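Here is the structure we will look at.
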Amino acid sequence: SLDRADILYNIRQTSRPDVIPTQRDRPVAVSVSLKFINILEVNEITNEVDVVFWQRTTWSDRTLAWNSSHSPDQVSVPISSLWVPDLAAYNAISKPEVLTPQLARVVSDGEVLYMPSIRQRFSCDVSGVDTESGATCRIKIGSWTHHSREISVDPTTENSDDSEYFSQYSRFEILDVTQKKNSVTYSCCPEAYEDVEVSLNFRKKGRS
Amino acid sequence: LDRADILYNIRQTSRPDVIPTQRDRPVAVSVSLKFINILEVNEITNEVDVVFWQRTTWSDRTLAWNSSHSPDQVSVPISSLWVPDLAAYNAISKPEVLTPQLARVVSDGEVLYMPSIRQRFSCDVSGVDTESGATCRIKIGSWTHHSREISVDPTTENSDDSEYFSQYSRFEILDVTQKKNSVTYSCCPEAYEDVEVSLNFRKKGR
Amino acid sequence: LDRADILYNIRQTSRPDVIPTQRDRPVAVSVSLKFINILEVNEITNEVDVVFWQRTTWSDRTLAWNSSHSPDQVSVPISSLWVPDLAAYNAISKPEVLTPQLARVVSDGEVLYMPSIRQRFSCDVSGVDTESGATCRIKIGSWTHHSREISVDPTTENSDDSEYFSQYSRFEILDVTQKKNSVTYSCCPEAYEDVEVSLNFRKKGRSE
Amino acid sequence: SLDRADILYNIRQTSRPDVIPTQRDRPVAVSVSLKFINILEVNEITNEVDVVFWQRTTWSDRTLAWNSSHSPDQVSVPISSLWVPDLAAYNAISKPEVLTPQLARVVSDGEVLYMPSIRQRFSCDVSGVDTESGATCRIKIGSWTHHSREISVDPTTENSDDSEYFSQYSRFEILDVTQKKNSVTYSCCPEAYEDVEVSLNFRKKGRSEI
Amino acid sequence: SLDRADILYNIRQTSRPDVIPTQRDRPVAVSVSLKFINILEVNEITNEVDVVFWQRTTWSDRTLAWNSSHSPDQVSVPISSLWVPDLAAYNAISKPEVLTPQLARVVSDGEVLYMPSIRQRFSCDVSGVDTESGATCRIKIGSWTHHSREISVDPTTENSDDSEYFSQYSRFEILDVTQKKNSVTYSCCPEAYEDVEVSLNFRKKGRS
Ligand SMILES: *[C@@H]1O[C@H](CO)[C@@H](O)[C@H](O)[C@H]1NC(C)=O
Ligand SMILES: *[C@@H]1O[C@H](CO)[C@@H](O)[C@H](O)[C@H]1NC(C)=O
Ligand SMILES: *[C@@H]1O[C@H](CO)[C@@H](O)[C@H](O)[C@H]1NC(C)=O
Ligand SMILES: CN/C(=N\[N+](=O)[O-])NC[C@@H]1CCOC1
Ligand SMILES: CN/C(=N\[N+](=O)[O-])NC[C@@H]1CCOC1
Ligand SMILES: CN/C(=N\[N+](=O)[O-])NC[C@@H]1CCOC1
Ligand SMILES: CN/C(=N\[N+](=O)[O-])NC[C@@H]1CCOC1
Ligand SMILES: CN/C(=N\[N+](=O)[O-])NC[C@@H]1CCOC1
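Chain order of the listed sequences is E, D, C, A and B.
In terms of PDB author numbering, the first sequence opens at residue 0 and continues consecutively.
In terms of PDB author numbering, the second sequence opens at residue 1 and continues consecutively.
In terms of PDB author numbering, the third sequence opens at residue 1 and continues consecutively.
In terms of PDB author numbering, the fourth sequence opens at residue 0 and continues consecutively.
In terms of PDB author numbering, the fifth sequence opens at residue 0 and continues consecutively.
What follows is the structure, encoded as structure tokens:
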């Protein structure tokens, strides 16, 4: 009968926080999905928005796996004990303020789930925020230092309901969210960095 | 035993990253907010900036010692202890802990952590300037531990969350009610227990 | 013996996380604020932003060394020492410590810690612009140690008040009075000793 | 049979973050190049600008080298494991806010690439920002403590589009960027500190009108 | 023969960051000199200024010394590896924001040079800032915990241009800077703390 302590100790002994856990020469498949919680500050003049979102991050490290028939199937682990993908929002203009305890969930099969609530300010299109059509703010998120052969990022294919966890008390409302995959290259070099482009279509609530 | 020995033993047997479940039962965390001040309120953005003592209580029996011929209680830095990963679900700033980050550990293994916190929330501020006042609901629960691992309960002390509130604030508290809740997410089957603190307050005067 | 030996010995025998109670008696902490500046005052919100030296004095006999043929006093980083967990009960910001975080330790084990602090409080600012001025009450005591473990006493040596106060502030100090108190909470039986500092101040250069 | 694990372990064992990796007694050649991403806040009165830029930093540390015949030729490494040039913007008036994960890329030969996205406020000439000619804000960046014999700084010859990665959503636009080398000495002492002077010619966007 | 690595290793082994490096029982001679780079914000009413300056700090630690006939005569060292004087600006109302890499320069003889660029806000006389004569803002800087017998502070009097490194783009200009030695004592106690008093004579540009 394994206990939570044994599970953590095993993770510590095999997990290498600064070493990407590539199997063979294949990329690590990171799933990335934003659930928007609040839109706090919007500036149509500067084209800047301040947003709060849960950044659901999923990937696999099979070296962490254990046998969970007669033991817990999942444990909470501080991210300092784990390798974590070096995700960056490419159009952010502030560092991400992580609001929640920095713990990830590891499952007996080796799936890791890290989902911090983040508050961050972005440069994006705020034109039309006070119209019926609303504004569309595009947020690009991907690895900062790992190219397509080392990390691939994919939008999760979950749920669908956009305003599901969104504050009813915000001054804004969400019309639609669409998450699509992209791939930026830099003229310096031949490698491609995969990203997810989250399109946030929102507008001021108005009237009453 | 000397207080040094007690602390050394706590260090050596405490596991800050390991939830101290007895058997297969959840850890019973008691959570109670005592509001001290309301600093900033915005009826338009529905945001409040509040200061509150977050009284947090739970058991870790591995910490226990024999306190017949020794002190029954010590102050311990939380970095030496497992601490529940509580989050305010509708907070829009990180909690600014104002006070020394020490908890109190009793010889039986009861822990009491009560930081003074300043934090900004998204909640209903409509009616803050009326007789009825506004009702701001703050939900607080574990971020990563579900109902089988952590349960949160509003302390059986159902006394005044007032009585500690600044007389010098521009606002007044009408009522505070602390209730248990249990949220689930459509992705998954697990439930996260929370306490929902309903703060009914209003601006002082006309 | 030299300053290096003194520090090494302090490290070996000092226990920063162990309150140095002699017998079962409380540690007698002396607490005294010298106000240096009043920066910002708000009659509407009842908030003040102040800078003050928080003179803190206590005894830790475990620190003691000889000092016939060695220095009688050293500057020691507070991380090497037990330090009382003082908190201002009506503060609304964390104390911003402006000065190097060193205490002074004497060979007998007397400790003097005196950081310059900038901190914001919730207190009575009514009447700040009158002849009588406002009286802002600041309560400071241990956060986790009750009356049997820590006692706090005002050292009121003496009543000079404006002695170190900035001549360049827009406010002036009329009087400071430091008195002892003892708060209890209805949940629980323990009493927490505090010092209540009454700051009587007013805007300079009034009409009457 | 760990591979990237072995690489990192070996870097830890032989890397000295506090030791400048001079080959012989020659200076370390640090290449420094800004790509401007955003201009956030501009004040013609105070002569202050708030800018976001990628600071492409390149140098050689042969102590990091490994043999990559039967292993990966490149890894991402946290900068705390590496010596990193002590670059400062001389006319900055805020600390650099690093926005991106603090990882550098190390190649098996010991070439290092560190490229943080930085947000920082500067004191520079903002006069004329609202004219056709725009303002020219000069940002000076060099080692803080290493003189010309220990660190040399060279502007890369990217020589490309200036507005290439610049936000279309900024209120400002870039007219031209020119990166040139300089070399300042102080009256106290005989040593010279090499820097790069980045001249940002920008202006408020026109009209939107018709 | 010996290399930068050896030099640093030796510094680590023999340096004691928390131990003042007094030779015999004589004070450590700290030289302190401000070069003003910018004046960012001034408030005539509150008597507050926000300034940026290089704080050139010089002292001797002979325990650090090495050979250097067949090796480098100087190295850059992180200050966390060194003892550093606990200097404080006595009339500061913000903590010093250090803008530059926190490295000092150590010479083979044991001379240390630490020169951080600092941005800090002070309480000083801003009266007359908008006149031809300008204001004179006095900044006092000295040890916080080490008295005259342990640390002495002396102005480097390098007879130079004051506005040499000062921003041409500031709204203010410097008329004169004068650095003189002083010595504060407190009524509680007999010990004297040596300081340097930096007198910044400056004024708003233009408007005439
Ligand atoms: C510890 O406590 C138990 C429980 O009452 C008691 O029986 C035992 O004698 C104690 N042991 C000592 C003296 O440490
Ligand atoms: C300390 O100093 C006293 C001074 O007289 C001396 O008697 C003693 O032997 C010294 N050594 C100890 C025990 O600290
Ligand atoms: C430094 O080392 C060299 C070794 O070649 C020696 O000749 C020299 O005298 C040394 N310096 C001193 C003064 O010890
Ligand atoms: C709060 N939301 C949640 N799932 N969801 O929204 O789909 N799971 C809890 C996460 C488990 C690990 O970090 C938090
Ligand atoms: C964003 N630009 C990029 N390359 N470039 O511009 O030439 N690479 C990402 C960097 C690779 C190493 O650190 C981050
Ligand atoms: C100051 N308040 C106090 N009790 N109370 O408020 O009910 N006790 C100290 C707290 C309990 C242990 O951590 C801090
Ligand atoms: C800026 N001034 C400078 N020299 N000077 O002023 O004479 N050197 C850089 C310093 C070298 C040691 O720490 C920083
Ligand atoms: C500045 N004021 C002072 N005494 N006083 O004001 O009564 N002592 C310096 C202290 C020595 C230990 O920490 C600072």
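Ideal Cβ positions, reconstructed from N, Cα and C, are used throughout, including at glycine.
Under 7 Å by beta carbon: chain D residues contacting residue i
i: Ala87 of chain C; result: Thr99, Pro100
Chain-ordered neighbours of residue i on chain D, where CB pairs are closer than 9 Å
i: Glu157 of chain E; result: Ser186, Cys187
Cβ-Cβ distance between residue i and residue j below 7 Å
i: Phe201 of chain B; j: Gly133 of chain B; result: yes
i: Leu174 of chain A; j: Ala91 of chain E; result: no
i: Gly109 of chain D; j: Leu174 of chain D; result: no
i: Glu193 of chain E; j: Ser151 of chain E; result: yes
i: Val111 of chain A; j: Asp60 of chain A; result: yes
i: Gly109 of chain E; j: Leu81 of chain E; result: no
i: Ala4 of chain C; j: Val105 of chain B; result: no
i: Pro115 of chain D; j: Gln54 of chain D; result: yes
i: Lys203 of chain D; j: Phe171 of chain D; result: yes
Spatial distance of residue i from residue j (CA atoms)
i: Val50 of chain D; j: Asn42 of chain C; result: 17 Å
i: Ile117 of chain B; j: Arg206 of chain E; result: 50 Å
i: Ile78 of chain A; j: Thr130 of chain C; result: 57 Å
i: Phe121 of chain B; j: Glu47 of chain B; result: 6 Å
i: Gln73 of chain C; j: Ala4 of chain D; result: 25 Å
i: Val50 of chain B; j: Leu199 of chain C; result: 30 Å
i: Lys139 of chain C; j: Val195 of chain C; result: 6 Å
i: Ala103 of chain E; j: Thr144 of chain D; result: 7 Å
i: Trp58 of chain C; j: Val29 of chain C; result: 5 Å
i: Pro77 of chain D; j: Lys179 of chain D; result: 30 Å
i: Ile44 of chain C; j: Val197 of chain B; result: 38 Å
i: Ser186 of chain B; j: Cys123 of chain B; result: 23 Å
i: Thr135 of chain E; j: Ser126 of chain E; result: 8 Å
i: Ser166 of chain D; j: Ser162 of chain A; result: 54 Å
i: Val111 of chain D; j: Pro100 of chain D; result: 16 Å
C-beta neighbour in chain D for residue i, strict 7 Å
i: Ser75 of chain E; result: yes
Start and end residues, beta strand (DSSP E) containing residue i
i: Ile38 of chain B; result: 27–42
i: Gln119 of chain C; result: 116–122
i: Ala91 of chain E; result: Element bounds for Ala91 of chain E: n/a, residue is neither H nor E.
Any C-beta of chain A under 7 Å from that of residue i
i: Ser166 of chain B; result: yes
Any C-beta of chain C under 7 Å from that of residue i
i: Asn46 of chain B; result: yes
i: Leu7 of chain D; result: yes
C-beta neighbour in chain B for residue i, strict 7 Å
i: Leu1 of chain C; result: no
i: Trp82 of chain A; result: no
i: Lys94 of chain A; result: yes
i: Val51 of chain C; result: yes
i: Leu7 of chain C; result: yes
i: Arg25 of chain C; result: no
i: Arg170 of chain C; result: yes
Cβ of residue i within 7 Å of any chain E Cβ
i: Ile92 of chain D; result: yes
i: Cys123 of chain D; result: yes
i: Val197 of chain D; result: no
Under 7 Å by beta carbon: chain E residues contacting residue i
i: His145 of chain D; result: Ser75
Proximal chain A residues relative to residue i, where beta-carbon distance stays under 7 Å
i: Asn37 of chain B; result: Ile92, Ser122
i: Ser186 of chain E; result: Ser159
Beta-carbon neighbours of residue i, restricted to chain A and to distances below 8 Å
i: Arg104 of chain B; result: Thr144
Where residue i meets chain E, residues with beta-carbon distance less than 8 Å
i: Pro100 of chain A; result: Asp85, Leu86, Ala87, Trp143, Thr144
Residue range of the alpha helix (DSSP H) that includes residue i
i: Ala4 of chain D; result: 3–13
i: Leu7 of chain A; result: 3–13
Beta-carbon neighbours of residue i, restricted to chain C and to distances below 7 Å
i: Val18 of chain B; result: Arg3, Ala4, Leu7
Partners in chain B for residue i, counting only beta-carbon separations shorter than 9 Å
i: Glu163 of chain C; result: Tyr185, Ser186
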